Each structure stands twice: as C-alpha cells, then as structure tokens.
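Source file work.pdb; content: PDB, C-alpha atoms.
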ATOM      1  CA  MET A   3       0.000   0.000   0.000
ATOM      2  CA  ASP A   4       1.914   2.946  -1.385
ATOM      3  CA  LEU A   5       0.633   6.401  -0.453
ATOM      4  CA  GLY A   6       3.563   8.141  -2.124
ATOM      5  CA  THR A   7       5.466   9.547   0.838
ATOM      6  CA  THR A   8       8.748   7.859  -0.004
ATOM      7  CA  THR A   9      10.970   8.597  -3.013
ATOM      8  CA  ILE A  10      12.293   5.792  -5.214
ATOM      9  CA  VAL A  11      15.273   5.530  -7.535
ATOM     10  CA  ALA A  12      14.342   5.192 -11.208
ATOM     11  CA  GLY A  13      15.887   5.579 -14.623
ATOM     12  CA  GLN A  14      14.593   5.562 -18.175
ATOM     13  CA  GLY A  15      15.638   1.918 -18.443
ATOM     14  CA  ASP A  16      13.132   0.891 -15.792
ATOM     15  CA  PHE A  17      10.368   1.601 -18.301
ATOM     16  CA  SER A  18       9.215  -0.819 -21.019
ATOM     17  CA  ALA A  19       7.950   1.949 -23.310
ATOM     18  CA  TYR A  20      11.432   3.451 -23.211
ATOM     19  CA  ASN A  21      13.235   0.156 -23.740
ATOM     20  CA  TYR A  22      10.899  -0.538 -26.631
ATOM     21  CA  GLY A  23      11.797   2.787 -28.192
ATOM     22  CA  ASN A  24      15.509   2.413 -27.490
ATOM     23  CA  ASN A  25      15.731  -1.087 -29.030
ATOM     24  CA  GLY A  26      17.335  -0.484 -32.422
ATOM     25  CA  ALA A  27      16.143  -3.798 -33.836
ATOM     26  CA  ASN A  28      12.605  -2.387 -33.629
ATOM     27  CA  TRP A  29      13.230   0.587 -35.910
ATOM     28  CA  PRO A  30      14.911   0.185 -39.324
ATOM     29  CA  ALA A  31      14.385   3.898 -40.008
ATOM     30  CA  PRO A  32      14.185   7.121 -38.018
ATOM     31  CA  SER A  33      10.635   7.667 -36.814
ATOM     32  CA  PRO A  34       8.576  10.201 -34.868
ATOM     33  CA  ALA A  35       6.832   7.196 -33.299
ATOM     34  CA  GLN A  36      10.143   5.846 -32.004
ATOM     35  CA  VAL A  37      10.805   9.264 -30.482
ATOM     36  CA  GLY A  38       7.438   9.073 -28.736
ATOM     37  CA  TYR A  39       8.368   5.794 -27.087
ATOM     38  CA  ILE A  40      11.704   7.203 -25.924
ATOM     39  CA  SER A  41      10.121  10.362 -24.499
ATOM     40  CA  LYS A  42       7.819   8.264 -22.271
ATOM     41  CA  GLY A  43      10.895   7.148 -20.346
ATOM     42  CA  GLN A  44      11.979  10.451 -18.844
ATOM     43  CA  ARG A  45       8.384  11.516 -18.183
ATOM     44  CA  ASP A  46       7.824   8.188 -16.413
ATOM     45  CA  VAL A  47      10.889   8.968 -14.299
ATOM     46  CA  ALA A  48       9.100  12.070 -13.034
ATOM     47  CA  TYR A  49       5.757  10.334 -12.608
ATOM     48  CA  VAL A  50       6.957   7.618 -10.244
ATOM     49  CA  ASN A  51       7.962  10.342  -7.807
ATOM     50  CA  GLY A  52       4.795  12.393  -8.237
ATOM     51  CA  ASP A  53       6.423  15.206 -10.146
ATOM     52  CA  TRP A  54       3.529  15.102 -12.575
ATOM     53  CA  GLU A  55       2.788  18.718 -13.526
ATOM     54  CA  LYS A  56       6.106  19.476 -15.262
ATOM     55  CA  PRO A  57       6.026  16.625 -17.837
ATOM     56  CA  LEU A  58       2.450  17.573 -18.805
ATOM     57  CA  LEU A  59       2.968  21.333 -18.905
ATOM     58  CA  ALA A  60       6.019  20.781 -21.096
ATOM     59  CA  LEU A  61       3.880  18.814 -23.529
ATOM     60  CA  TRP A  62       0.949  21.211 -23.469
ATOM     61  CA  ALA A  63       3.270  24.234 -23.790
ATOM     62  CA  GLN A  64       4.659  22.822 -27.045
ATOM     63  CA  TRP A  65       1.204  21.884 -28.249
ATOM     64  CA  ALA A  66      -0.207  25.337 -27.465
ATOM     65  CA  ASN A  67       3.019  27.109 -28.400
ATOM     66  CA  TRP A  68       3.376  29.005 -25.114
ATOM     67  CA  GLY A  69       7.025  29.750 -25.837
ATOM     68  CA  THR A  70       7.756  28.998 -22.189
ATOM     69  CA  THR A  71      10.088  26.671 -20.266
ATOM     70  CA  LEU A  72       9.922  22.953 -21.088
ATOM     71  CA  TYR A  73      11.430  22.125 -17.690
ATOM     72  CA  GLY A  74      14.269  20.345 -19.491
ATOM     73  CA  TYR A  75      12.168  18.007 -21.608
ATOM     74  CA  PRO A  76      13.029  17.438 -25.281
ATOM     75  CA  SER A  77      10.730  19.121 -27.756
ATOM     76  CA  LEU A  78       8.757  16.481 -29.654
ATOM     77  CA  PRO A  79       7.267  16.107 -33.133
ATOM     78  CA  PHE A  80       3.882  15.206 -31.636
ATOM     79  CA  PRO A  81       3.562  16.708 -28.141
ATOM     80  CA  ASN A  82      -0.183  16.475 -28.619
ATOM     81  CA  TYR A  83      -0.085  12.679 -28.927
ATOM     82  CA  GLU A  84       2.195  12.148 -25.942
ATOM     83  CA  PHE A  85      -0.042  14.415 -23.853
ATOM     84  CA  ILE A  86      -3.130  12.534 -24.908
ATOM     85  CA  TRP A  87      -1.655   9.090 -24.236
ATOM     86  CA  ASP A  88      -0.309  10.185 -20.848
ATOM     87  CA  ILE A  89      -3.806  11.376 -19.916
ATOM     88  CA  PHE A  90      -4.844   7.882 -20.953
ATOM     89  CA  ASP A  91      -2.122   5.869 -19.186
ATOM     90  CA  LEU A  92      -1.932   7.764 -15.878
ATOM     91  CA  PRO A  93      -5.364   6.728 -14.558
ATOM     92  CA  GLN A  94      -4.650   3.116 -15.480
ATOM     93  CA  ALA A  95      -1.386   3.328 -13.565
ATOM     94  CA  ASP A  96      -3.066   4.715 -10.447
ATOM     95  CA  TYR A  97      -5.712   2.032 -10.677
ATOM     96  CA  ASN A  98      -3.040  -0.630 -11.063
ATOM     97  CA  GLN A  99      -1.585   0.373  -7.691
ATOM     98  CA  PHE A 100      -4.963   0.275  -5.977
ATOM     99  CA  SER A 101      -6.387  -2.743  -7.761
ATOM    100  CA  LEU A 102      -3.398  -5.096  -7.845
ATOM    101  CA  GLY A 103      -1.084  -3.611  -5.236
ATOM    102  CA  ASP A 104       1.360  -2.942  -8.074
ATOM    103  CA  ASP A 105       4.598  -1.165  -7.178
ATOM    104  CA  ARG A 106       5.096   2.174  -8.953
ATOM    105  CA  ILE A 107       7.280   1.096 -11.861
ATOM    106  CA  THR A 108       5.276  -2.110 -12.367
ATOM    107  CA  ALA A 109       2.054  -0.101 -12.366
ATOM    108  CA  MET A 110       3.337   2.214 -15.079
ATOM    109  CA  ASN A 111       4.721  -0.573 -17.250
ATOM    110  CA  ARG A 112       1.501  -2.522 -16.959
ATOM    111  CA  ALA A 113      -0.384   0.659 -17.834
ATOM    112  CA  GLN A 114       1.802   1.219 -20.880
ATOM    113  CA  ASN A 115       1.741  -2.349 -22.161
ATOM    114  CA  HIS A 116      -0.315  -1.575 -25.225
ATOM    115  CA  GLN A 117      -0.304  -0.288 -28.787
ATOM    116  CA  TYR A 118       0.204   3.419 -29.407
ATOM    117  CA  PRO A 119      -1.632   4.301 -32.643
ATOM    118  CA  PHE A 120      -1.942   8.010 -33.424
ATOM    119  CA  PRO A 121      -4.629   9.603 -31.237
ATOM    120  CA  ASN A 122      -7.860   9.676 -33.191
ATOM    121  CA  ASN A 123     -11.045  11.645 -33.635
ATOM    122  CA  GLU A 124     -13.053   8.417 -33.516
ATOM    123  CA  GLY A 125     -12.377   5.937 -30.716
ATOM    124  CA  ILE A 126      -8.603   6.162 -30.303
ATOM    125  CA  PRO A 127      -8.038   6.062 -27.496
ATOM    126  CA  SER A 128     -11.195   4.461 -26.140
ATOM    127  CA  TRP A 129     -11.805   6.467 -22.962
ATOM    128  CA  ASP A 130     -14.713   4.447 -21.534
ATOM    129  CA  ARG A 131     -13.111   2.548 -18.633
ATOM    130  CA  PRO A 132     -15.884   2.072 -16.038
ATOM    131  CA  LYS A 133     -13.782  -0.281 -13.910
ATOM    132  CA  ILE A 134     -11.453   2.570 -12.954
ATOM    133  CA  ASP A 135     -13.513   3.978 -10.080
ATOM    134  CA  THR A 136     -11.191   4.281  -7.084
ATOM    135  CA  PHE A 137      -8.003   6.243  -6.439
ATOM    136  CA  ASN A 138      -4.908   4.724  -4.886
ATOM    137  CA  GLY A 139      -3.889   7.839  -2.959
ATOM    138  CA  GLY A 140      -0.307   7.609  -4.218
ATOM    139  CA  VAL A 141       2.045   9.324  -6.677
ATOM    140  CA  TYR A 142      -0.286   8.871  -9.663
ATOM    141  CA  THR A 143      -3.461   9.976  -7.892
ATOM    142  CA  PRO A 144      -3.411  13.728  -8.557
ATOM    143  CA  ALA A 145      -2.575  13.235 -12.224
ATOM    144  CA  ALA A 146      -5.291  10.586 -12.449
ATOM    145  CA  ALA A 147      -7.774  13.034 -10.869
ATOM    146  CA  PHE A 148      -6.789  15.482 -13.625
ATOM    147  CA  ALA A 149      -7.204  12.862 -16.348
ATOM    148  CA  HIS A 150     -10.701  11.953 -15.153
ATOM    149  CA  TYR A 151     -11.422  15.681 -15.263
ATOM    150  CA  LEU A 152     -10.545  15.866 -18.957
ATOM    151  CA  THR A 153     -12.066  12.537 -20.020
ATOM    152  CA  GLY A 154     -14.149  10.996 -17.225
ATOM    153  CA  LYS A 155     -17.343  12.667 -18.443
ATOM    154  CA  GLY A 156     -18.496  13.418 -14.897
ATOM    155  CA  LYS A 157     -18.336   9.883 -13.513
ATOM    156  CA  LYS A 158     -17.945   9.576  -9.751
ATOM    157  CA  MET A 159     -14.550   8.618  -8.336
ATOM    158  CA  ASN A 160     -13.801   7.273  -4.855
ATOM    159  CA  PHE A 161     -10.974   8.281  -2.579
ATOM    160  CA  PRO A 162     -11.245   5.969   0.452
ATOM    161  CA  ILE A 163     -10.836   8.157   3.516
ATOM    162  CA  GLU A 164      -7.975   6.074   4.946
ATOM    163  CA  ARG A 165      -5.974   6.567   1.753
ATOM    164  CA  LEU A 166      -6.116  10.321   2.186
ATOM    165  CA  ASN A 167      -3.316   9.671   4.643
ATOM    166  CA  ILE A 168      -4.755  12.333   6.947
ATOM    167  CA  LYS A 169      -4.313  12.470  10.721
ATOM    168  CA  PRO A 170      -7.032  14.758  12.080
ATOM    169  CA  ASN A 171      -6.408  15.776  15.681
ATOM    170  CA  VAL A 172      -9.873  15.724  17.204
ATOM    171  CA  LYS A 173      -8.821  17.059  20.596
ATOM    172  CA  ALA A 174      -7.424  20.127  18.816
ATOM    173  CA  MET A 175     -10.631  21.044  16.969
ATOM    174  CA  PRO A 176     -12.293  24.194  18.337
ATOM    175  CA  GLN A 177     -15.707  22.631  17.774
ATOM    176  CA  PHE A 178     -14.743  19.515  19.713
ATOM    177  CA  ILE A 179     -13.290  21.609  22.523
ATOM    178  CA  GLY A 180     -16.552  23.551  22.549
ATOM    179  CA  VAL A 181     -18.619  20.379  22.800
ATOM    180  CA  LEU A 182     -16.348  19.057  25.554
ATOM    181  CA  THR A 183     -16.711  22.135  27.755
ATOM    182  CA  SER A 184     -20.389  22.839  27.079
ATOM    183  CA  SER A 185     -21.803  19.301  26.938
ATOM    184  CA  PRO A 186     -23.754  18.067  29.982
ATOM    185  CA  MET A 187     -22.512  15.531  32.514
ATOM    186  CA  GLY A 188     -23.195  11.926  31.506
ATOM    187  CA  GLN A 189     -23.682  10.470  28.034
ATOM    188  CA  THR A 190     -23.952  12.684  24.945
ATOM    189  CA  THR A 191     -24.251  12.124  21.199
ATOM    190  CA  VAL A 192     -21.727  14.161  19.245
ATOM    191  CA  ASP A 193     -22.211  15.213  15.628
ATOM    192  CA  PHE A 194     -20.638  18.149  13.841
ATOM    193  CA  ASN A 195     -18.899  19.132  10.628
ATOM    194  CA  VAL A 196     -15.459  20.663  10.178
ATOM    195  CA  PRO A 197     -13.462  21.848   7.149
ATOM    196  CA  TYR A 198     -10.095  20.125   6.905
ATOM    197  CA  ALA A 199      -7.147  21.224   4.792
ATOM    198  CA  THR A 200      -5.730  17.855   3.703
ATOM    199  CA  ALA A 201      -2.571  19.460   2.288
ATOM    200  CA  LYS A 202      -1.385  19.900   5.864
ATOM    201  CA  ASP A 203      -1.172  16.119   6.269
ATOM    202  CA  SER A 204      -0.792  14.764   2.775
ATOM    203  CA  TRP A 205       0.494  16.235  -0.471
ATOM    204  CA  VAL A 206      -1.432  13.682  -2.532
ATOM    205  CA  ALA A 207      -4.721  14.562  -0.818
ATOM    206  CA  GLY A 208      -3.996  18.300  -0.816
ATOM    207  CA  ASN A 209      -3.235  18.052  -4.532
ATOM    208  CA  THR A 210      -6.436  16.143  -5.312
ATOM    209  CA  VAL A 211      -9.292  17.134  -2.991
ATOM    210  CA  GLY A 212      -7.565  19.845  -0.977
ATOM    211  CA  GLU A 213      -9.995  21.195   1.584
ATOM    212  CA  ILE A 214     -12.695  18.702   2.522
ATOM    213  CA  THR A 215     -15.526  18.581   5.049
ATOM    214  CA  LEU A 216     -15.264  16.027   7.811
ATOM    215  CA  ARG A 217     -18.040  14.701   9.994
ATOM    216  CA  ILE A 218     -17.162  13.909  13.594
ATOM    217  CA  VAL A 219     -19.728  11.547  15.066
ATOM    218  CA  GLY A 220     -19.817   9.385  18.194
ATOM    219  CA  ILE A 221     -20.621   9.198  21.882
ATOM    220  CA  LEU A 222     -19.093  11.491  24.507
ATOM    221  CA  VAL A 223     -19.122  10.718  28.233
ATOM    222  CA  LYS A 224     -18.257  13.211  30.963
ATOM    223  CA  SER A 225     -17.910  11.932  34.531
ATOM    224  CA  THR A 226     -18.292  14.116  37.618
ATOM    225  CA  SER A 227     -14.697  13.177  38.384
ATOM    226  CA  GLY A 228     -13.621  15.231  35.379
ATOM    227  CA  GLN A 229     -12.661  12.199  33.320
ATOM    228  CA  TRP A 230     -14.116  12.021  29.822
ATOM    229  CA  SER A 231     -14.024   9.677  26.886
ATOM    230  CA  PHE A 232     -15.092  10.000  23.270
ATOM    231  CA  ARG A 233     -15.870   7.042  21.087
ATOM    232  CA  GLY A 234     -16.769   7.601  17.455
ATOM    233  CA  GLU A 235     -15.543   8.041  13.911
ATOM    234  CA  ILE A 236     -14.471  10.629  11.381
ATOM    235  CA  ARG A 237     -16.297  10.415   8.062
ATOM    236  CA  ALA A 238     -16.165  12.735   5.047
ATOM    237  CA  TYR A 239     -18.571  14.284   2.541
ATOM    238  CA  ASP A 240     -18.042  14.128  -1.225
ATOM    239  CA  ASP A 241     -15.652  16.588  -2.830
ATOM    240  CA  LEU A 242     -16.224  18.133  -6.227
ATOM    241  CA  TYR A 243     -13.171  17.917  -8.454
ATOM    242  CA  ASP A 244     -13.184  21.195 -10.389
ATOM    243  CA  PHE A 245      -9.471  21.818 -10.993
ATOM    244  CA  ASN A 246      -9.458  24.365  -8.157
ATOM    245  CA  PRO A 247      -6.462  26.759  -8.477
ATOM    246  CA  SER A 248      -6.307  26.666  -4.694
ATOM    247  CA  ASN A 249      -5.103  23.053  -4.856
ATOM    248  CA  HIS A 250      -2.139  23.724  -7.163
ATOM    249  CA  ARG A 251       1.359  23.153  -5.825
ATOM    250  CA  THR A 252       3.249  26.449  -5.653
ATOM    251  CA  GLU A 253       6.084  25.877  -8.130
ATOM    252  CA  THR A 254       3.843  25.176 -11.146
ATOM    253  CA  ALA A 255       0.632  26.876  -9.988
ATOM    254  CA  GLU A 256       0.771  29.464 -12.757
ATOM    255  CA  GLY A 257       1.335  26.843 -15.443
ATOM    256  CA  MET A 258      -1.496  24.648 -14.175
ATOM    257  CA  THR A 259      -3.880  27.590 -13.895
ATOM    258  CA  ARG A 260      -3.139  28.608 -17.463
ATOM    259  CA  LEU A 261      -3.515  24.976 -18.542
ATOM    260  CA  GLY A 262      -6.861  24.883 -16.760
ATOM    261  CA  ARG A 263      -8.242  27.702 -18.875
ATOM    262  CA  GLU A 264      -7.086  26.209 -22.174
ATOM    263  CA  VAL A 265      -7.451  22.458 -21.830
ATOM    264  CA  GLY A 266     -11.172  22.559 -22.609
ATOM    265  CA  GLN A 267     -10.256  23.735 -26.113
ATOM    266  CA  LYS A 268      -8.969  20.275 -27.086
ATOM    267  CA  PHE A 269     -10.552  18.167 -24.363
ATOM    268  CA  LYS A 270     -14.171  18.988 -25.116
ATOM    269  CA  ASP A 271     -15.696  16.614 -22.550
ATOM    270  CA  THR A 272     -13.734  18.305 -19.742
ATOM    271  CA  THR A 273     -16.077  18.525 -16.777
ATOM    272  CA  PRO A 274     -16.036  18.658 -12.956
ATOM    273  CA  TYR A 275     -17.024  15.422 -11.224
ATOM    274  CA  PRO A 276     -17.745  14.148  -7.688
ATOM    275  CA  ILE A 277     -15.197  12.321  -5.564
ATOM    276  CA  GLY A 278     -16.698  10.113  -2.896
ATOM    277  CA  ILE A 279     -14.679   9.724   0.283
ATOM    278  CA  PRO A 280     -16.116   6.494   1.724
ATOM    279  CA  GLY A 281     -15.343   4.880   5.054
ATOM    280  CA  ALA A 282     -14.562   6.082   8.537
ATOM    281  CA  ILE A 283     -11.584   6.782  10.725
ATOM    282  CA  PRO A 284     -12.038   5.147  14.160
ATOM    283  CA  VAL A 285     -11.749   7.531  17.111
ATOM    284  CA  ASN A 286     -11.046   6.347  20.680
ATOM    285  CA  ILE A 287      -9.882   9.171  22.882
ATOM    286  CA  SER A 288     -10.168  10.347  26.472
ATOM    287  CA  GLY A 289      -8.555  12.364  29.217
ATOM    288  CA  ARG A 290      -9.760  14.854  31.783
ATOM    289  CA  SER A 291     -10.760  18.458  32.362
ATOM    290  CA  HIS A 292      -8.631  20.987  34.195
ATOM    291  CA  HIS A 293     -12.025  21.699  35.751
TER     292      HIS A 293
END
Go through the file and emit its structure as structure tokens.
Amino acid sequence: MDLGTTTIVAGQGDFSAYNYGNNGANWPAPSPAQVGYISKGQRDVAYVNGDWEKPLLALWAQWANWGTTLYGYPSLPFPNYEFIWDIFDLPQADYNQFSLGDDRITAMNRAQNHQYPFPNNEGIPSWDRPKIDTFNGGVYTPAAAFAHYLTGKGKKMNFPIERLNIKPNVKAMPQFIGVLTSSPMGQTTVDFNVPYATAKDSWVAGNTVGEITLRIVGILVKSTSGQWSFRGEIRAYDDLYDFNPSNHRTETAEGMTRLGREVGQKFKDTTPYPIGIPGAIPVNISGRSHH
C-alpha cells in the first residue's frame, strides 16, 4: 500500500515503453513514433515520484506554443499525442496500484503495455473505462484526478478516507473543545462538521481534494470526576473535483492555472465530477478536564 510519501530511484531503463523505443532492432528507419516511445521514459521517471505537472505542462506548452520553459524536456514532433496518451495511461497506472497492489514502476509498465496508434477523432483512445472507479492515494493519484477531469465525463470517483493519509487531531478542533466544555454531565451524542485542509497532512490529498468537510460523530461521556471519553468516527462528505487553483502546488501553480483555462479547447468533454470519500476513521480518545 503505497501512499507516495517515499521517493524511489528510477531511470529511463526501468520503463518498457522506453526500452521498446531504445531497441534499435525495432526501428529500421528514423521515426517520430520511435521518439514518442523514448520520451515516455523520462516523463515516467518524473511520474513515479509524483512530479507530474512538469512533464504535462512541457507537452501542453509545445502543443499550445506558449514559448515557455519545457522544464528540461526534449521538444517532440507530436507533443499532442504524448499528452493525450499520458492522460490515458496515468489513470490506469493509479488504478493498477490500488487494484493489484502494483509497485510504482510495475504499475506504469503494466499501464503502458499496449499499442500506441496516433490519437484519433473516432475511438482512439477508447476512454470508456468504467472499472477505474477508485483512487490509490499515491504518486499517480493527482494526475489521475486530472485525467478523469478531462475525459471521465463526470463519472464519480472514490478516494477511500484512509488513503487520504490524513491524521485529524480531534482534541485540537475548536468545535470539539466547545462540545467538551459545554456538553452536559453523563452520556452525549456528538455530531458536527469541520473543514479540513488535507494538504497539511498529505500532499497527494492536498493536490487532489484539498480542503474537505469532515463529519465527527460518536458518543461522549463526561464523569463528575472530570474524566471524559469520546468514542466515534471521522467520516467525510463528497468533494467536487473542479481543478481548483487553490489546490495547485506552488512551483507550477501558474502553469497549471493557465492549462486549466485552455485544456477545454482540445478536451471537449472536460467537466467537474464528484469524488466520494467512503469509510470512517475510528476515534477512541479520552482524558480529563482541568475543571
């Protein structure tokens, strides 16, 4: 279960698409297609460590002729095709981690184990992939969230609450402190809602759903001794993925914001969609008043 906190070591050669491109026996003559295969290698090197915005901006910038930095990536003959296929592969890769427990490199290679015809106007690629319905919460998750934005056609995605990798401190919540001090002696049902900036705890979550709304629910007991115990769960309400500028990572925020305003030009099904955040985080706390 890889929630993308740790870095790994990776080189172009770890990637099958790259090795396929770099195998001379496969190409009797120079070819833009061969270049495409090669290019996937270095981008993949960034992807496995969650550095996902740069590779895509570099491609889009060429495509849209921004005349801006390519972050060190080679210019390509068909930046439009590599962009499109990446948008295709990235969600499969995320799903491969969640579905099969694939390691990062394996997930990407499995994702890229297919034919790469030129992106079409009619069915290439085929974007209808209903089975992909849950995020891993790892290095591919944000990019996958973006890909479902461009091509998901509004279908619901799930981000299981435990994969958010958040660690809400209930005792520290003003609302919970309020309830604790103002609730009556004896047994009380607790139920309130609190905004939670997930970026504080988890870059993946902050880069995908950002601020969410949590629901704290359970039973609170206050004893006349001043002891107290709370027994409940944290749940979460659906988020709406709408490519919110507020969720952009600083370094490429500008690029991503620009991209946001342009992408709908070529990705005509681009639409916000709901992200369910199913499940609950167990809460078992206690302590005592100062009185």
**Request:** Would you mind telling me which residue in A:121, A:52, A:140, A:247 lies nearest to residue 6 (chain A) when using only C-alpha atoms?
**Result:** A:140
Name the residues that the PyMOL selection byres ((chain A and resi 182) around 12) picks from the file above, as a compact mmCIF listing (two decimals) with C-alpha atoms, keeping the file's coordinate frame, using the file's chain letters and numbers.
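That gives us expr-v4.txt:
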# COMPACT_ATOMS: atom_id res chain seq x y z
CA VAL A 172 -9.87 15.72 17.20
CA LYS A 173 -8.82 17.06 20.60
CA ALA A 174 -7.42 20.13 18.82
CA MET A 175 -10.63 21.04 16.97
CA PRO A 176 -12.29 24.19 18.34
CA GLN A 177 -15.71 22.63 17.77
CA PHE A 178 -14.74 19.52 19.71
CA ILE A 179 -13.29 21.61 22.52
CA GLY A 180 -16.55 23.55 22.55
CA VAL A 181 -18.62 20.38 22.80
CA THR A 183 -16.71 22.14 27.76
CA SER A 184 -20.39 22.84 27.08
CA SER A 185 -21.80 19.30 26.94
CA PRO A 186 -23.75 18.07 29.98
CA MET A 187 -22.51 15.53 32.51
CA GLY A 188 -23.20 11.93 31.51
CA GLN A 189 -23.68 10.47 28.03
CA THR A 190 -23.95 12.68 24.94
CA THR A 191 -24.25 12.12 21.20
CA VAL A 192 -21.73 14.16 19.24
CA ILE A 221 -20.62 9.20 21.88
CA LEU A 222 -19.09 11.49 24.51
CA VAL A 223 -19.12 10.72 28.23
CA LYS A 224 -18.26 13.21 30.96
CA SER A 225 -17.91 11.93 34.53
CA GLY A 228 -13.62 15.23 35.38
CA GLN A 229 -12.66 12.20 33.32
CA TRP A 230 -14.12 12.02 29.82
CA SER A 231 -14.02 9.68 26.89
CA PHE A 232 -15.09 10.00 23.27
CA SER A 288 -10.17 10.35 26.47
CA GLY A 289 -8.56 12.36 29.22
CA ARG A 290 -9.76 14.85 31.78
CA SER A 291 -10.76 18.46 32.36
CA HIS A 292 -8.63 20.99 34.20
CA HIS A 293 -12.02 21.70 35.75
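Closest to residue 260 (chain A) among A:113, A:19, A:66, A:35 is A:66, based on all atoms listed in the file.
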Counting all atoms listed in the file, I want the residues whose atoms come within 7 Å of (0.4, 6.7, -14.9) in the file frame, returned as a PDB file with C-alpha atoms, in the coordinates of the input.
ATOM      1  CA  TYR A  49       5.757  10.334 -12.608  1.00  0.00           C
ATOM      2  CA  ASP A  88      -0.309  10.185 -20.848  1.00  0.00           C
ATOM      3  CA  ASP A  91      -2.122   5.869 -19.186  1.00  0.00           C
ATOM      4  CA  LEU A  92      -1.932   7.764 -15.878  1.00  0.00           C
ATOM      5  CA  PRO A  93      -5.364   6.728 -14.558  1.00  0.00           C
ATOM      6  CA  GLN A  94      -4.650   3.116 -15.480  1.00  0.00           C
ATOM      7  CA  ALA A  95      -1.386   3.328 -13.565  1.00  0.00           C
ATOM      8  CA  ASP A  96      -3.066   4.715 -10.447  1.00  0.00           C
ATOM      9  CA  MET A 110       3.337   2.214 -15.079  1.00  0.00           C
ATOM     10  CA  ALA A 113      -0.384   0.659 -17.834  1.00  0.00           C
ATOM     11  CA  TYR A 142      -0.286   8.871  -9.663  1.00  0.00           C
TER      12      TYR A 142
END
**Request:** Give as a ChimeraX atom specification the residues that the PyMOL selection byres ((chain A and resi 109) around 9) matches when applied to the coordinates above.
**Result:** /A:94-99,102-108,110-114
**Request:** Please write as a list in words the full residue list that the PyMOL selection byres ((chain A and resi 62) around 10) yields on this file.
**Result:** residues 56, 57, 58, 59, 60, 61, 63, 64, 65, 66, 67, 68, 72, 81, 82, 84, 85, 86, 257, 261, 264 and 265 of chain A
**Prompt:** Quick one, how far is CA of residue 101 (chain A) from CA of residue 160 (chain A)?
**Reply:** 12.8 Å
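When only C-alpha atoms are used to measure the gap to residue 234 (chain A), the shortest distance among A:47, A:287, A:168, A:216 belongs to A:287.
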**Request:** One decimal, Å: what's the distance from CA of residue 21 (chain A) over to CA of residue 39 (chain A), could you say?
**Result:** 8.2 Å
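Closest to residue 87 (chain A) among A:7, A:28, A:153, A:273 is A:153, based on all atoms listed in the file.
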**Prompt:** Which residue gives the smallest distance to residue 5 (chain A) among A:165, A:268, A:251, A:150, with all atoms listed in the file counted?
**Reply:** A:165
**Message:** With distances taken over all atoms listed in the file, which residue among A:31, A:219, A:250, A:155 lies nearest residue 275 (chain A)?
**Reply:** A:155
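The coordinates place CA of residue 10 (chain A) at 29.2 Å from CA of residue 214 (chain A).
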Quick one: residues within 10 Å of residue 15 (chain A), all atoms listed in the file, excluding same-chain residues fewer than 3 positions away - as a CSV table (one decimal) with C-alpha atoms, in the coordinates of the input?
chain,number,residue,atom,x,y,z
A,12,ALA,CA,14.3,5.2,-11.2
A,18,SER,CA,9.2,-0.8,-21.0
A,19,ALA,CA,8.0,1.9,-23.3
A,20,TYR,CA,11.4,3.5,-23.2
A,21,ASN,CA,13.2,0.2,-23.7
A,22,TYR,CA,10.9,-0.5,-26.6
A,24,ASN,CA,15.5,2.4,-27.5
A,40,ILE,CA,11.7,7.2,-25.9
A,43,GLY,CA,10.9,7.1,-20.3
A,44,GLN,CA,12.0,10.5,-18.8
A,47,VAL,CA,10.9,9.0,-14.3
Please enclose the listed atoms of region 32-42 of chain A in an axis-aligned box, pad each side by 3 Å, and write out the centre and the three edge lengths in Å, rounded to one decimal, as lines of an AutoDock Vina configuration file.
center_x = 10.5
center_y = 8.1
center_z = -30.1
size_x = 13.4
size_y = 10.6
size_z = 21.7
Can you pull out the residues contacting residue 156 (chain A)? Cut-off 12 Å, using all atoms listed in the file, and skip same-chain residues under 3 positions away; I want them as a CSV table (one decimal) with C-alpha atoms, in the frame of the given file.
chain,number,residue,atom,x,y,z
A,130,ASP,CA,-14.7,4.4,-21.5
A,132,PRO,CA,-15.9,2.1,-16.0
A,135,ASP,CA,-13.5,4.0,-10.1
A,147,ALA,CA,-7.8,13.0,-10.9
A,148,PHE,CA,-6.8,15.5,-13.6
A,149,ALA,CA,-7.2,12.9,-16.3
A,150,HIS,CA,-10.7,12.0,-15.2
A,151,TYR,CA,-11.4,15.7,-15.3
A,152,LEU,CA,-10.5,15.9,-19.0
A,153,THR,CA,-12.1,12.5,-20.0
A,159,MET,CA,-14.6,8.6,-8.3
A,242,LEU,CA,-16.2,18.1,-6.2
A,243,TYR,CA,-13.2,17.9,-8.5
A,244,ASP,CA,-13.2,21.2,-10.4
A,271,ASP,CA,-15.7,16.6,-22.6
A,272,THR,CA,-13.7,18.3,-19.7
A,273,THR,CA,-16.1,18.5,-16.8
A,274,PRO,CA,-16.0,18.7,-13.0
A,275,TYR,CA,-17.0,15.4,-11.2
A,276,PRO,CA,-17.7,14.1,-7.7
A,277,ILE,CA,-15.2,12.3,-5.6
**Request:** Give me the residues within 10 Å of residue 210 (chain A) as number ranges by chain, counting only C-alpha atoms and dropping any in the same chain fewer than 4 places off.
**Result:** A: 139, 143-148, 161, 166, 200-201, 204-206, 241, 243-246, 249-250, 277
